[PDB]
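Trainee: here is the sequence, then the experimental structure:
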Number of protein chains: 2
Amino acid sequence: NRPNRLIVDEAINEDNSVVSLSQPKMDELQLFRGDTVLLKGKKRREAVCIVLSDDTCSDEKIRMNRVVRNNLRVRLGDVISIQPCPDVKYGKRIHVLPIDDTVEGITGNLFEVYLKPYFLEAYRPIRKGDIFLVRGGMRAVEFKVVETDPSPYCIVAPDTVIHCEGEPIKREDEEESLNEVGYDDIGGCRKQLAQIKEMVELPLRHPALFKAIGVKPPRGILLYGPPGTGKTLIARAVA
Amino acid sequence: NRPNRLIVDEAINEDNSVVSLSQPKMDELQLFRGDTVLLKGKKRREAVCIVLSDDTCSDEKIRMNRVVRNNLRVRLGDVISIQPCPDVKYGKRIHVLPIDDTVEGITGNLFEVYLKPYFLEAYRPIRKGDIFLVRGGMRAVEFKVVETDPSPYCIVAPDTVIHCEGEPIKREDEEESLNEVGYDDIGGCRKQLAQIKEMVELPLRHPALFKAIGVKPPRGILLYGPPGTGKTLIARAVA
Ligand SMILES: Nc1ncnc2c1ncn2[C@@H]1O[C@H](COP(=O)(O)OP(=O)(O)O)[C@@H](O)[C@H]1O
Ligand SMILES: Nc1ncnc2c1ncn2[C@@H]1O[C@H](COP(=O)(O)OP(=O)(O)O)[C@@H](O)[C@H]1O
């Protein structure tokens, strides 16, 4: 049955690009804590990240972040195949530009003052055709690459140079904005949010199974608490 | 007055094809506990089942199941004639197929994995033009025969072979779906359900008698209890 694909869930870590697995995971694929990992999915697209070792998260499970779930076009309850990729990469020239939807009121240079400080001491990889999201600068902005060195061989380094043209390109309907609300945006409701997972993930992720079995799913859920507790973004995130 | 026909009622046994009678019943028709019985009715159709001996059900009464009440087109308050039929039968080739109304989401082979396991150690008979119902497999599905060996001589055996064509035939309005609610679907309400039998079976089963006598039937029945006790499927089953 090809025991290599595992289900996807939410990661409790607050890091940006960190993938956490269980102890008997890197011992089979002989990968270290700072190796290069390549992930695939639908739409004939690939991905690259950094695998981090952890033995406190769970017993046998792989964590997976939100900034790359929308990037690789992956949703919950899906299978993902992981394999090591010991390929030496080195970025030479990069060219990123933001979308004209979140750059209102920003003028002047914006590449040598935000991007350069956060790239160093991170060595984060990047693949062709990906929309990364960065927090900071009293705002939430993103950038998209359209033309750089041929994939892959993309490694951030202070010696790398950057350039701009001066004409942002509008986004399309294929991607989804990460500025909206997700499971990571809920704080404090752990036990209560854990219940909705085992009541709304079965009928919404597996429709043919429900139109196959005779089980009746719940037809209504009532949330409680005083106003402002977060009854609205929970429903928006689970959607 | 031909003392051979008896009224029909509901059977408390949970078995699929079991007919229970009283002690002075098989002693007149010299039939054993595992003989072959042939039953007739309207529409010039016959039936075949297995008579089971019981001395705890009642004093002088014949039980009769739901899966064959709709099959032989029999309703309550009707007469049924029973006679032994010591005919040796042996099935050779069978060909059953389901109706395209309850096979949504089912693919692959479905004859050597469900039908074969449940047929053995049962020796259940089957007549031509009957819609049997089987419970199990996390669903409620049925099958209908359209072409097999000439009637009767239909006995299930592991040596028998089966085949399929690949085109289900839709059901007609002559038969009724057994997936709906009947008296056997009510659990717990025994004393209360027993009362509705002696108040709604007289005016609905014998209309000419009520338009003959001057008795006024009840014009309204009020059911009680907290929600979910089953006030709705009781009314749907008695209809
Ligand atoms: N438990 C929570 N977790 C994260 N954010 C919250 C929570 N509760 C409130 N908020 C924040 O407060 C803001 C106002 O929430 P509000 O719409 O009043 O919630 P509700 O509609 O349930 O009263 C939201 O933008 C949300 O980000
Ligand atoms: N006494 C009972 N016997 C069998 N099934 C029941 C009974 N009570 C409830 N149910 C089941 O519970 C489900 C919901 O019943 P419901 O429609 O709430 O009854 P009511 O309309 O009387 O409140 C039904 O599908 C029924 O099968």
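Mentor: Alright, I've got the coordinates. Residues are numbered from 1 along each chain as shown, chains lettered A, B, ... in the order given. Ligands and ions are numbered 1, 2, ... in the order given.

Trainee: can you check which helix is longest in chain A?
Mentor: helix A:191-205 (DSSP state H).

Trainee: just the helices in chain A please.
Mentor: In chain A, the segments counted as helices under DSSP H are A:23-26, A:66-69, A:116-119, A:191-205, A:207-210, A:231-237.

Trainee: pull out the buried positions in the last one.
Mentor: It refers to helix A:231-237. For helix A:231-237, burial by neighbour count (16 or more other C-beta atoms under 10 Å in any protein chain shown) applies to A:234, A:237. The C-beta positions use only the backbone N, C-alpha and C, and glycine is treated the same way.

Trainee: can you list contacts of it?
Mentor: Contacts to helix A:231-237, defined as C-beta atoms under 8 Å, 6 or more residues apart in numbering or on different chains, come from residues A:180, A:181, A:182, A:183, A:185, A:186, A:189, A:193, A:196, A:223, A:224, A:225.

Trainee: how close does the residue most central in space within chain A sit to residue B:111?
Mentor: Taking C-alpha atoms, centre = their mean, the centroid of chain A lies closest to residue A:68, which sits 2.1 Å from it. Distance from residue A:68 to residue B:111, counting by C-beta to C-beta, to the nearest Å: 46 Å.

Trainee: go on, residue A:42?
Mentor: Residue A:42 is 35 Å from residue B:111, by C-beta to C-beta.

Trainee: could you work out the end-to-end span of stretch A:210-220 for me?
Mentor: One end of stretch A:210-220 sits 16 Å from the other (C-alpha to C-alpha, to the nearest Å).

Trainee: now do that stretch: everything it contacts.
Mentor: Residues outside stretch A:210-220 that contact it (C-beta under 8 Å, 6+ apart): A:199, A:202, A:203, B:104, B:105, B:106, B:138, B:139, B:140.

Trainee: is ligand 2 within reach of that stretch?
Mentor: No: judged by C-beta under 6 Å from any ligand atom, stretch A:210-220 makes no contact with ligand 2; its nearest approach is 8.0 Å.

Trainee: which residue lies farthest from the center of chain A?
Mentor: Farthest-from-centroid check, chain A (C-alpha atoms, centre = their mean): residue A:214, 35.5 Å.

Trainee: roughly how far does that residue sit from residue B:105?
Mentor: For residue A:214 relative to residue B:105 (C-beta to C-beta), the value is 11 Å.

Trainee: circling back: filter the contacts of helix A:231-237 down to the buried ones and hand me the PyMOL line.
Mentor: Buried subset of those, written as a PyMOL selection, criterion 16+ other C-beta under 10 Å:
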select buried, chain A and resi 181+183+186+189+193+196
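
Trainee: of the contacts of helix A:231-237, closest to chain B?
Mentor: residue A:224 (21.0 Å; C-beta to the nearest C-beta).

Trainee: with adjacent residues omitted, what lies nearest to the closest one?
Mentor: Spatial nearest neighbour of residue A:224, excluding adjacent residues (C-beta to C-beta, 6 or more residues apart in numbering or on different chains): residue A:231 at 7.7 Å.

Trainee: same list, the contacts of helix A:231-237, but as TSV with distance to ligand 1 please.
Mentor: Shown next, in TSV, are those (distance: C-beta to the nearest ligand atom, whole Å):
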residue	distance to ligand 1
A:180	11
A:181	7
A:182	11
A:183	11
A:185	6
A:186	5
A:189	5
A:193	9
A:196	13
A:223	8
A:224	10
A:225	8
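
Trainee: residue A:127: which of the contacts of helix A:231-237 is nearest?
Mentor: Nearest to residue A:127 among these, counting by C-beta to C-beta, is residue A:182 at 21.9 Å.

Trainee: so the closest one touches residue A:66, yeah?
Mentor: Yes: counting by C-beta atoms under 8 Å, residue A:182 does reach residue A:66; the two are 5.5 Å apart.

Trainee: report the separation between residue A:29 and residue A:85.
Mentor: 10 Å.

Trainee: returning to what we had before: these two touch, right, the residue nearest to the centre of chain A and residue A:49?
Mentor: Yes: shown here, residue A:68 and residue A:49 form a contact pair, counting by C-beta under 8 Å, at 6.4 Å.

Trainee: for chain B, what's the nearest residue on chain A?
Mentor: Closest approach between chain A and chain B, counting by C-beta to the nearest C-beta: residue A:212, at 3.4 Å.

Trainee: roughly how far does the residue nearest to the centre of chain A sit from ligand 2?
Mentor: Going from residue A:68 to ligand 2 by C-beta to the nearest ligand atom, to the nearest Å gives 44 Å.

Trainee: residues in contact with that residue?
Mentor: By C-beta under 8 Å, 6+ apart, residue A:68 lies in contact with A:17, A:47, A:49, A:74.

Trainee: which of those has the largest number of neighbours?
Mentor: residue A:49 (22 neighbours; other C-beta atoms under 10 Å in any protein chain shown).

Trainee: neighbouring contacts of stretch A:191-204?
Mentor: Against stretch A:191-204 from outside (C-beta under 8 Å, 6+ apart): A:76, A:77, A:183, A:186, A:209, A:210, A:217, A:218, A:221, A:234, A:238.
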